[PDB]
Each structure stands twice: as structure tokens, then as C-alpha cells.
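Enquirer: structure here, sequence nowhere to be found:
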DNA sequence: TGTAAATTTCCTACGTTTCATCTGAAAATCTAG
DNA sequence: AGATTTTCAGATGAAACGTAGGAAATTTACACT
Ligand SMILES: Nc1ncnc2c1ncn2[C@@H]1O[C@H](COP(=O)(O)OP(=O)(O)O)[C@@H](O)[C@H]1O
Ligand SMILES: Nc1ncnc2c1ncn2[C@@H]1O[C@H](COP(=O)(O)OP(=O)(O)O)[C@@H](O)[C@H]1O
Ligand SMILES: [K+]
Ligand SMILES: [Mg+2]
Ligand SMILES: [Mg+2]
């Protein structure tokens, strides 16, 4: 059925990145100075998720690393996967050939050791910070200024910032924006047609003979194209599709398998999410279930009911009015602020996900 | 009724029923280490009492026998270290390894952790060495624990590592580096009723005495355990109770088992508190007469004073509590009250009444 | 001089609850020829 | 009708809360030279 699914994991990195021709150009052009050992311009990359951001960059740096071969360091660090100011600065201080103890140091004195690692480093270095959203979200903006001031307060390194929403550029009050928007690329979501190309070039390395109909790929593409031109969707949707036509022990793939995949993927997206939900958030959701196109009011009502049947003190309606919205973002519920003259101003609330996946997992925790 | 089997199975059992594949696949990977200089790392996952520990001890233990006999193994050093038993700390763990591998003169404190890895290379400088890490889920949960393993697995001194964790999700606790450079994970599926009934029938065979155990009753226990549970340590030690008790005539009936069960669930709590770091006990009593943590800490600082002993900081106290909750002894509540000045930590003593009895008993026996 | 781990010392930001202010079109009332 | 006045049912804002918990600082115990 397959001969390497690995050609479909969001790890593997391809020979060419179709349709990211301008994005690659613009970068390796705006990084050129590295060849004569001269600090390039700081880049700031935004675009949705699965638009190529992480891909392009990790690939352009692997190309310049060889083209130049020149002394030149780059460190790719995912702020999401790090989740702690210590860890970020602990690798940064490992990549410069510096050793830091696991404990004993503290942020402040950590930047100190870092300013030393730079002024002692004779190799121009590019720092990649992926998904900064994450590590500015539930941490401080600080790391930026303090990293800005760092190459600045002793004469050099260069940065590449990759985030997801336009709204993030707004958080850069200080020179943080002035010194990062030096170069500012955008990664538009892919076209369905674009997404077909990308899928076919990776499919021919993955599957077997005519194990995979053209027809499968065009819809696999057009499905994900409809949900924010996401390249990672188009790929999972396909891989799984294959894995599914695998456990159903046959050596082909059917349109029926892809729709199958799609749902299966939700299940796990949501099951994960729902599992890591506050006992109280699980609770508000539960009510919305037993009600199944209702109003914030009726929800709080059936909320108090379960706290009662359970012996677990309720919560303010005020907390529930937002705990709702919160489940909106996660994409489990859908709540809109309607305006109805004498029927008041509610949140019309309803289920985005299936009802079963919402309970089986729900029970998986209690 | 012939106890030797029931506390040292590795001495009786010359094989492990329903784990043959696990055992072979290992001795293979090892022979390929010795004859091929090819490194390998594995992660044994599984619920408790599925033979994780037992298997390992057996690999290790049989290889001790093998280098004696073979000779081409003559030159292979083994270290078996229990990340929980030692401290859980990297420093603690690294010290132990460098203990056996090097020779055994080794500091526990004061040294830079790298100079443990430096020490290990020197003690196995070409000469092949194998590592076992029972409950490595402790080491990993601590700062730099996976950042240790990575420098082990992927370092120079040709060393093959075996990691047996007790927490299954132990990967989500592991850094990409580590997980990436990690070998295959080997999962011990819990036993079913049939598997258990055979295992028991083996133990029954060795330890016990013909007649005293029929077939239905072995079937009985396996039925009991197996059904969502798994766990063989209970299954074996469960027989033991109903065994102890049935010294009557004796025939061993459904009774002997039932009691053996209550006998086991409640007797657990006893030593579960008996062996509880000194201040923990004092803390624990604090809680039984006040669920309010800040309030408990006061009657804590009292008992310490009364036993001429420095009371610990409330911070360290709230932890010992939080930590008692990870133990399943108490249950933390946390009540939040907006404009009404909320945020108070609370703690419930599971049985309150049972625990107290055990606490009293423990303090009292430790005076005579 | 040093390091790793355990505990103490510092300090606030966290998840709410309470109090207070807004919202916006439906419907029920009024308006005047 | 058209033009108002309510009237509903919850949204949206803001303050007050006081310690639980995270991060720095100190202590503990050593090691090496
Ligand atoms: N133009 C492209 N060609 C091939 N693969 C792509 C392309 N754009 C995205 N991908 C794929 O999407 C997956 C993850 O996408 P990624 O570029 O990391 O998105 P982002 O970094 O924007 O979240 C990777 O496996 C990568 O192969
Ligand atoms: N397959 C088996 N054969 C014989 N005895 C077993 C078997 N599985 C478990 N036991 C007994 O039950 C105990 C529990 O297994 P253990 O080695 O503790 O695994 P884990 O480390 O996962 O708890 C063992 O020490 C052993 O005495
Ligand atoms: K204090
Ligand atoms: Mg990415
Ligand atoms: Mg074990």
C-alpha cells in the first residue's frame, strides 16, 4: 500500500518547495551578506499555519549552509516546543559552544552569559525563532527587547521571526518592530491547484503503483483548501487516507477513505483538546450537550444542574459567559452574539464537533 | 507452602511466560552489540506489574551467566540502576552508573555532571557496556533528565541503553533530541485471564503443595485481576494471602481470596504511611485535624517544636502536601472567590480515620 | 576556587467573584390626520 | 403607518482578592587543588 509514509510526515524536507519561489528568492537574497561575513537584515515572517513558513526557512538555511560552506551558524528554535525562557537561552548558549548548568542560573544572569557568548563568537550567526506567538503569549514580550538590546549593546547576530497572525505585529511596542520588520515577508495560503502540485510531488515518493487515483488528490487538496489553504492538512488527510485504506487491507485508495480520514482527524484533534480541559470547562460543555441551537441562559441552567447532581459547587454565570467563548476558539462549540429586540442579547450556542466524540472522550476523563 | 518462589522468582523461574518475544529480541540486539559493535536503545513501556522490571533483571541476570560461559562476552560490563530508588536526580543516577562501570570510587556531590560521562568513558574505554534504567520516568520528569539521556545514548563510548519507564506517556515528557535519537519502544501488554491462570499455576506448582490448590480457584484470581487491571504482582501476591489464610486445613475457597483482597487494599495504606519521610507524617497529622493548609502548617510547626526539630517553610510545606497528593494519600482542593478574597489551598485525608490509626501505630512501635 | 540539589526568601499575577455600566432591536404604546 | 417607549437577557467592563506558585537567593554538602 505505501512504500514510505515517512515522505508524508511533517518532518521530511523535499528537493523543491513548489510555489514558494518568491519567498525563497526574497530570503536568500536578503541573507546574502553572510557570504562575506556581514550581518544581514532581520526578517519577520507571518502567514497562516501550513503556509510553508517553517519549511522554506529550514530549507533556505540548509542551502546557504552549503553554497557558502562559509563559517556561518544558524540555530532553529521552536518557541512552542521550548515553553520556557530558561530552555530557550540554554540552547542558545549551547549552540555557541558554551556550557550552562541545568539549574543554578537565572534569566537575568542568563542574558549576561549570552552577551558574552556573542562578543566572543567570530562567526556571524542567524537565530530562528519559530511560532514566537507561543512564547510571547504565555510569557513576556521581554525576550525580544532583551535580545534586541543584545547584539545592539555590543557590536553581531541576525534574527528570523515566524508567527501566525497579523495581530502579533501589534505587540511590538519598542524598537522590537522597528528592528525586526527590517524585512517582512508574507506566506499567503496555498491554492487548491497549488495544493495539488505539492501533494503529487510527495505522493510519488510515498505510495505504490496506481495505489492512488488522481481523483483522490484533487479533492484531498480541495478539502484542505477550503479550511484555510493549509498544507499540513492536505498532507495528513492523504497520509491517513493511505493508513486507513491499509487497515482495511486493500491495495488502493478510495474517495470514501478521505472523507473517512477527515472525520477521524477531528476526533483526535478534539479528543486531545477536550481531555486537557479544566474540570469546569469540561462541565459547561457537558451541559451544552444534553441540550443540543440554545442560549447562554439555558446553558448556565443545565450547568448548575450537573454541579448539583455531582456535588461540585457551581461557578458564576459571568465565568460561564466566557467559558463559552473559550470553547468557541477551540472549535468545539459555536457561539454568536445575536441581537433580538425583546428576546435579549444572547450567545446562540451550538456544537461544531460531533456529539459522540464529545462524550466518549468526555467520559475518558471522569 | 514452600516460599522461595514468592519473593525471588528470578531464582526459581528459568523462563518468563508470555514474554518470550521480548526476551529474544533483546538477546539478539545484544549479541549484535558484542559481535557487531552496533549500539541500540529501547524503551520498555507498560502498566504496573506487567513484567517490565522482571524481564530486565532476567536479561541482565542471564547475561551475567553468559559471559562466564561464552568468553567472547568476557569484557562486557553491566549496570542496573533504579532512577526511583536512588533519588530520581540526574546527579544521583549518573553517580551510580559511574560507580559500577568505572570501578566504584565516586563522589555523589560537588562534581560537574559532565565529569560523570567523562568518568564512564574511562571505565569502559573499548570494552562494551550495557545500561538498564528502571523507572527512568523519574529522571525525565526532572530538569535536564532527558538532556542527560541524550548525551548518553548519542555519545562516544559504545554504550547500549535500556529504559524501562512506569509512566506510559513518558515520551511527551521527552525532548525531541532524546526521542529522535531513541531506539524502539517495547510495550508490555497486560495479561489476560488465561495468561494469568497459567502463570499462577506455575507459582502454585513451585511454591505451594499439591492438593491445596484446585483449578477453579486459580481461574478465580486470574479472572479477578485480569479484568481491567492487568497487574501480575497483585495476582501473585494475592494468591499469597489466600495461601497464608488457607493454612487452616486447608482447602482454599472463594473466601480466602475475598479476604486476601480487603486484606490487601487496606493493608497497603498501612505501610504506605509507615514508610513516609519523617516530616511527611507530622504534616499528614496536621491535615487530619484541619483541611486548611495554611492552618495545618501551624499545627505542623507545633509538632516540630515539640520534637525539637526545625519546622519547614510554608512553601516547602505546601509542597509536601502537593506531593502527598501525587501520592494518593490526600486530595488538594483549591477554592477561588473573586472579590471575596479567594485562593485557598485545602487537603482531604482520604480515610482520615484509617490513616490516623496507622500513624499512631507507627509512632508507637518505634519506641520499644 | 568549583557544582547539583534542597530549602528559604520574595513577590505578583492568577481565575474568579462582585459590582457597575452597556446593548439593540422586538414589541407594546402612543401620535395625529 | 411612522414614531416613540419599554423591556428583555445577556454582553461587556472593571475592581477587589489575598495566597498559590514561579523565579531568585540562600543554604547544604560536598569535590578538587
Ligand atoms: N511548497 C511546499 N512544498 C512541499 N511541502 C510543503 C510546502 N509548503 C508546506 N509544505 C509542507 O507542510 C508541512 C508543514 O508545513 P510548514 O511549512 O511547517 O507550515 P508552517 O511552518 O507554515 O506551519 C511540511 O511537511 C512541509 O513539507
Ligand atoms: N510473566 C511473568 N512470569 C513470572 N512472574 C511474573 C511475570 N510477570 C510478573 N511477574 C511477577 O510480578 C511482579 C511484577 O512485575 P514487575 O517485574 O514488577 O514489572 P513492572 O516493573 O512493570 O511492575 C514481578 O516482579 C514478578 O515477581
Ligand atoms: K516570606
Ligand atoms: Mg511550523
Ligand atoms: Mg517496576
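Expert: Cool, the structure landed. Numbering: from 1, shown residues only, chains lettered A, B, ... in the order given. Ligands and ions are numbered 1, 2, ... in the order given.
Enquirer: can you pull the domain assignment for the chain?
Expert: All of this is about chain A. A:1-16+A:190-276, A:17-189, A:277-366 (curated CATH domains).
Enquirer: the intended chain is chain B.
Expert: If you go by curated CATH domains, chain B breaks into B:1-15+B:191-277, B:16-190, B:278-368.
Enquirer: may I see those arranged in a markdown table, with mean neighbour count and distance to ligand 1 as well?
Expert: Every residue, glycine included, has its C-beta placed from N, CA and C. Shown next, in a markdown table, are these (neighbours: other CB atoms under 10 Å in any protein chain shown; distance: least, CB to the nearest ligand atom, whole Å):
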| stretch | mean neighbour count | distance to ligand 1 |
| --- | --- | --- |
| domain B:1-15+B:191-277 | 16 | 37 |
| domain B:16-190 | 17 | 15 |
| domain B:278-368 | 15 | 36 |
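Enquirer: for residue A:54, find the nearest of those domains.
Expert: Closest approach to residue A:54 among the domains of chain B (CB to CB): domain B:16-190, 13.7 Å.
Enquirer: quick check: residue B:358 is in a strand.
Expert: No - with DSSP: H, G, I helix; E, B strand; the rest coil as the criterion, residue B:358 is helix rather than part of a strand.
Enquirer: I figured it hits residue B:269, correct?
Expert: Yes - Residue B:358 is within contact range of residue B:269, at 6.4 Å (criterion: CB atoms under 8 Å).
Enquirer: other residues contacting stretch B:41-53?
Expert: Stretch B:41-53 has contacts (CB atoms under 8 Å, 6 or more residues apart in numbering or on different chains) with B:16, B:19, B:26, B:29, B:55-56, B:134, B:153, B:160-166, B:168, B:170-171, B:181-191, B:230-235.
Enquirer: now do stretch B:20-28
Expert: B:16, B:42, B:55, B:58-59, B:62-63, B:162, B:186, B:188.
Enquirer: sec struct for residue A:252, please.
Expert: Three-state call for residue A:252 (three-state DSSP): coil.
Enquirer: ok, and the closest non-adjacent residue to it?
Expert: residue A:211 (5.7 Å; CB to CB, 6 or more residues apart in numbering or on different chains).
Enquirer: residue contacts, that neighbour?
Expert: Residue A:211 neighbours (CB under 8 Å, 6+ apart): A:1-2, A:242, A:251-253.
Enquirer: ok but it is inside a helix, no?
Expert: No - per three-state DSSP, residue A:211 lies outside any helix segment and is coil.
Enquirer: for residue B:81, list each beta-bridge partner.
Expert: Counting by DSSP bridges, residue B:81 is bridged to residue B:133.
Enquirer: which residues sit in contact with whichever residue of the stretch 101-250 of chain A sits closest to DNA strand C?
Expert: Going by CB to the nearest atom of the strand, DNA strand C is nearest to residue A:101 of the stretch 101-250 of chain A, at 3.1 Å. Counting by CB under 8 Å, 6+ apart, residue A:101 touches B:112-113.
Enquirer: any idea how far residue A:115 is from it?
Expert: Counting by CB to CB, to the nearest Å, the gap from residue A:101 to residue A:115 is 18 Å.
Enquirer: same thing with residue A:290?
Expert: The gap separating residue A:290 from residue A:115 is 58 Å, by CB to CB.
Enquirer: residue B:332 is in contact with residue B:322, correct?
Expert: Yes - Residue B:322 lies in contact with residue B:332 (CB under 8 Å); the separation is 6.5 Å.
Enquirer: get me the contact residues on the stretch 1-150 of chain A for DNA strand C.
Expert: Counting by CB under 7 Å from any atom of the strand, the stretch 1-150 of chain A comes close to DNA strand C at A:101-104.
Enquirer: look up the closest residue to the closest residue to chain A within the stretch 251-368 of chain B, ignoring the ones flanking it.
Expert: The nearest approach of the stretch 251-368 of chain B to chain A comes at residue B:338, 7.6 Å away (CB to the nearest CB). Nearest residue to residue B:338, sequence neighbours excluded (CB to CB, 6+ apart): residue A:316, at 7.6 Å.
Enquirer: where along the stretch 1-150 of chain A do the strands fall?
Expert: A:43-47, A:73-78, A:125-130 (DSSP state E, counting those that start in this stretch).
Enquirer: list the buried residues of the last one.
Expert: Pointing back at strand A:125-130 there. Neighbour counts over strand A:125-130 (16 or more other CB atoms under 10 Å in any protein chain shown) mark A:125-130 as buried.
Enquirer: mind listing the strands it pairs with, and their directions?
Expert: Strand A:125-130 has these strand partners (DSSP bridges): strand A:73-78 (parallel), strand A:157-163 (parallel).
Enquirer: closest one to residue A:366 among those?
Expert: Using CB to CB, the nearest of the strands paired with strand A:125-130 to residue A:366 is strand A:73-78, at 32.9 Å.
Enquirer: so the closest one, near ligand 1 or not?
Expert: No - shown here: strand A:73-78 not in contact with ligand 1 (CB under 6 Å from any ligand atom), separated by at least 10.0 Å.
Enquirer: buried residues, that strand. List them.
Expert: Buried-residue list, strand A:73-78, by 16+ other CB under 10 Å: A:74-78.
Enquirer: tabulate these (TSV), appending distance to DNA strand D.
Expert: Converted to TSV, the buried residues of strand A:73-78 look like this (distance: CB to the nearest atom of the strand, whole Å):
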residue	distance to DNA strand D
A:74	27
A:75	22
A:76	23
A:77	18
A:78	18
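Enquirer: between those, which is nearest chain B?
Expert: Distance ranking of the buried residues of strand A:73-78 against chain B, using CB to the nearest CB, places residue A:78 first at 8.6 Å.
Enquirer: what sits against that closest one?
Expert: A:130-131.
Enquirer: now it: how far from residue A:137?
Expert: Separation of residue A:78 from residue A:137 (CB to CB): 14 Å.
Enquirer: same thing with residue B:20?
Expert: Applying CB to CB to residue B:20 and residue A:137 gives a distance of 50 Å.
Enquirer: how about the helices of the stretch 101-250 of chain A, start to end?
Expert: A:107-119, A:132-137, A:143-152, A:175-178, A:192-206, A:214-226, A:231-247 (DSSP state H, counting those that start in this stretch).
Enquirer: whichever residue of the stretch 251-368 of chain B sits closest to ligand 2 sits in which helix or strand?
Expert: Nearest residue of the stretch 251-368 of chain B to ligand 2: residue B:264, at 14.1 Å (CB to the nearest ligand atom). In the assignment (DSSP states H and E), residue B:264 maps to helix B:254-274.
Enquirer: and that helix, what does it pack onto?
Expert: helix B:216-226, helix B:232-245, helix B:353-365 (3 or more CB pairs under 8 Å, 6 or more residues apart in numbering or on different chains; DSSP states H and E).
Enquirer: grab the nearest non-local neighbour of residue B:260.
Expert: The shortest distance from residue B:260 to any non-neighbouring residue, by CB to CB, 6+ apart, is to residue B:241 (3.1 Å).
Enquirer: nearest residue to residue A:43 in space, please, no chain neighbours.
Expert: Take residue A:43 and drop its neighbours on the chain: the residue closest to it by CB to CB, 6+ apart is residue A:183, 4.3 Å away.
Enquirer: let me redo that: residue A:303
Expert: Spatial nearest neighbour of residue A:303, chain neighbours left out: residue A:287 (4.6 Å); criterion: CB to CB, 6+ apart.
Enquirer: going along the chain from the helix or strand containing that neighbour, find the next helix or strand for me.
Expert: Taking DSSP H and E as the definition, one finds residue A:287 inside helix A:279-291. Under the assignment DSSP H and E, the closest C-terminal helix or strand after helix A:279-291 is strand A:294-295.
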